[PDB]
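> Need the 3D shape of this:
(chains A and B)
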Amino acid sequence: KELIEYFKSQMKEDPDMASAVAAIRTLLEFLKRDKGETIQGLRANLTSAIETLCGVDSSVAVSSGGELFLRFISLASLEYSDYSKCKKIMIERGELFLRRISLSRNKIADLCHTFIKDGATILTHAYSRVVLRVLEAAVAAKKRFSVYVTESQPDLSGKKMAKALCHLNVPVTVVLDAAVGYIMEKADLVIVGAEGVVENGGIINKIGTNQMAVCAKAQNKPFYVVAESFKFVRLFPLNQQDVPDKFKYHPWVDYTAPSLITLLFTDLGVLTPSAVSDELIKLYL
Amino acid sequence: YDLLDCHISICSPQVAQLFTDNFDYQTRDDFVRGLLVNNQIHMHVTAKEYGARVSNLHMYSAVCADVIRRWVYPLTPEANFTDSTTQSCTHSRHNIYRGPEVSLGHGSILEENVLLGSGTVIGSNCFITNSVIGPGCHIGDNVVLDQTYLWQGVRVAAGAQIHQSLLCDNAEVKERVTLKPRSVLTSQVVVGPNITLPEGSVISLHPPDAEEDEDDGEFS
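Residues are numbered from 1 along each chain as shown, chains lettered A, B, ... in the order given. Take a look:
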């Protein structure tokens, strides 16, 4: 409560980056705190309670990312010989975690952009913060293609992708939300950002995903998804009722069925819809 | 009746003595016709490959059409057997190739059987099929090419609607030069606007045979 105002300052002081990374930046900058002078209660229970307080938003990525950097501090914040440099001075490992998953956007931009086939148009979903940089690195390497955006309509959000893209002279056309079945034959392959990736291999994202995937299966066309290291989770859906209700909110975010996707990208690298499981089990030993 | 003569003579230096014999022999034609007066010859037909030559320009255009739709594999110009990075082009759909510093234009469709080299700035809305653009190229807009040849250093202005050319080093050609099949341009030609040039016109620096002088090619 007393530092969720700084999370508000981090969400609306630099609105370029993601929400979860603003939460991680918020709390790790708070680790110059009023000195609790302990390892157990401070780290475990206090950052647990801070995950409970900052999870009051309708996000799914933020709480999972908080648990994730709790696991990325559970590595070797050791019992090293004195309470002077356990973590409250030897703090730079979470700093290098922050730096690595800051440059993770750049390494996804370096990897994925050399896959887009020139000539076949690619309809994209609403504004993510990794589709923009992969298209930036693609058009930076002198391609030719077309791109459409659906609105993803609880609110108009496709034109926000238009005001994102059109600033750098790339052709685009916004298309109706329920009418992606008409445009599905026109496109040949379909990329979509993530609010988070599930252990079964499906994605969770704002609502307009699963109908894109099932029209992709009907047109037998490759469905492509993109995510970063922040957006892993431990949830398990079978049919849609079992995403958690605080992670549901007429859904404001939504799951798509796990393996009628065709290929998936992450910061660990480009991988396969069963490799998702073992490569997240690699995290949190 | 179905063969064609190409000068790939395997032979031994008995042939060397057979044209120490007739000093008036000059070519392979009177060699093989001096065989037929009586020291023996075979042919060898095959069913697999493509071997021919050119001294003309016509079957040069034919063999360049044979190279790009690849009747000469294994020998393919994208393995880049000669050694530089100035020929670095890949493959794509429809046997088309794109080199380094491509810069293809918005909506500039480029459909069948072409390549492009180094420093080939391409403008928008052009349309090119069954031809070769080489390096040192700049393109306006709506610059249609068809079975043309654009060697090193060439320029062309926008709207130059040109079919079936053969064109050489560091040449310039201005707006609305409509040009017609079976002609050639060579070695720094400059042609201005509104020339709807006819069928055949050899235009190069020599007065007595080429149909310009050491100035440009519109008028003397």
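> All the strands of chain A, in order from the start?
Here chain A has its strands, by DSSP state E, at A:122-124, A:147-150, A:173-175, A:190-192, A:196-197, A:203-205, A:223-226, A:254-255, A:263-265.
> Of those, which is nearest residue A:84?
strand A:196-197 (37.9 Å; CB to CB). (C-beta placed from N, C-alpha, C; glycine too.)
> Quick one: residues in contact with the helix of greatest length in chain B.
Longest helix in chain B by number of residues (criterion: DSSP state H): helix B:58-68. Helix B:58-68 is contacted by residues B:50, B:52, B:54, B:72, B:77, B:95, B:113-115, B:130, B:132, B:147, B:149, B:166 when judged by CB atoms under 8 Å, 6 or more residues apart in numbering or on different chains.
> go on, stretch A:200-210?
A:60, A:125-126, A:150, A:152-154, A:157, A:177, A:180, A:192-198, A:225, A:227, A:233, A:235-237, A:243, A:247, A:251-259, A:261, A:264, A:273-274, A:276-277.
> Could you work out the end-to-end span of stretch A:183-196 for me?
Distance between the two ends of stretch A:183-196: 26 Å, counting by CA to CA, to the nearest Å.
> ok now it, how far from the chain's centre?
16 Å (CA atoms, centre = their mean, to the nearest Å).
> can you pull the buried residues of it?
A:183, A:184, A:187, A:188, A:189, A:190, A:191, A:192, A:193, A:194, A:195, A:196 (16 or more other CB atoms under 10 Å in any protein chain shown).
> can you pull the contacts of the residue lying closest to the fourth one once chain neighbours are set aside?
By that I understand residue A:188. Nearest non-adjacent residue to residue A:188, counting by CB to CB, 6 or more residues apart in numbering or on different chains: residue A:120, 3.7 Å away. Contact analysis of residue A:120 by CB under 8 Å, 6+ apart lists A:145, A:187, A:188, A:189.
> my read: the third one touches residue A:121, true?
Yes: using CB atoms under 8 Å as the test, residue A:188 is close enough to residue A:121 to be in contact (7.3 Å).
> State the distance from the residue in chain B sticking out farthest from the centre to chain A.
Within chain B, residue B:38 marks the point farthest from the mean C-alpha position, 42.2 Å out by CA atoms, centre = their mean. Distance of residue B:38 to chain A, computed by CB to the nearest CB, to the nearest Å: 64 Å.
> Share the number of residues neighbouring the residue nearest to residue B:4 when sequence neighbours are not counted, please.
Spatial nearest neighbour of residue B:4, chain neighbours left out: residue B:52 (6.3 Å); criterion: CB to CB, 6+ apart. Neighbours of residue B:52 under the rule other CB atoms under 10 Å in any protein chain shown: 13.
> again, but for the one 5 residues further on
Residue neighbour count, defined by other CB under 10 Å, stands at 13 for residue B:57.
> so which helix or strand takes in residue B:16?
Taking DSSP states H and E as the definition, one finds residue B:16 inside helix B:14-21.
> Show me what that helix is packed up against.
helix B:29-34 (3 or more CB pairs under 8 Å, 6 or more residues apart in numbering or on different chains; DSSP states H and E).
> Just name whatever secondary elements the helix it packs on is in contact with.
Partner elements for helix B:29-34 (3+ CB pairs under 8 Å, 6+ apart): helix B:14-21.
> What residues of the helix it packs on count as buried?
Neighbour count says helix B:14-21 has residue B:19 buried, by 16+ other CB under 10 Å.
> what does stretch A:16-23 give?
A:18, A:19, A:20, A:21, A:22, A:23.
> tell me which of the residues you listed is nearest to residue A:169?
The nearest one, if we look at the buried residues of stretch A:16-23 relative to residue A:169 and count by CB to CB, is residue A:18, at 25.6 Å.
> that older thread, just the buried members of the contacts of stretch A:200-210?
Applying 16+ other CB under 10 Å to the contacts of stretch A:200-210 flags A:60, A:125-126, A:150, A:152, A:157, A:177, A:180, A:192-198, A:225, A:227, A:233, A:235, A:237, A:243, A:247, A:253-258, A:261, A:264, A:273, A:276 as buried.
> Return the distance of the residue nearest to residue A:29 when sequence neighbours are not counted relative to residue B:112.
The spatial neighbour of residue A:29 that comes closest, neighbours along the chain excluded (CB to CB, 6+ apart), is residue A:6 at 7.8 Å. Counting by CB to CB, to the nearest Å, the gap between residue A:6 and residue B:112 amounts to 61 Å.
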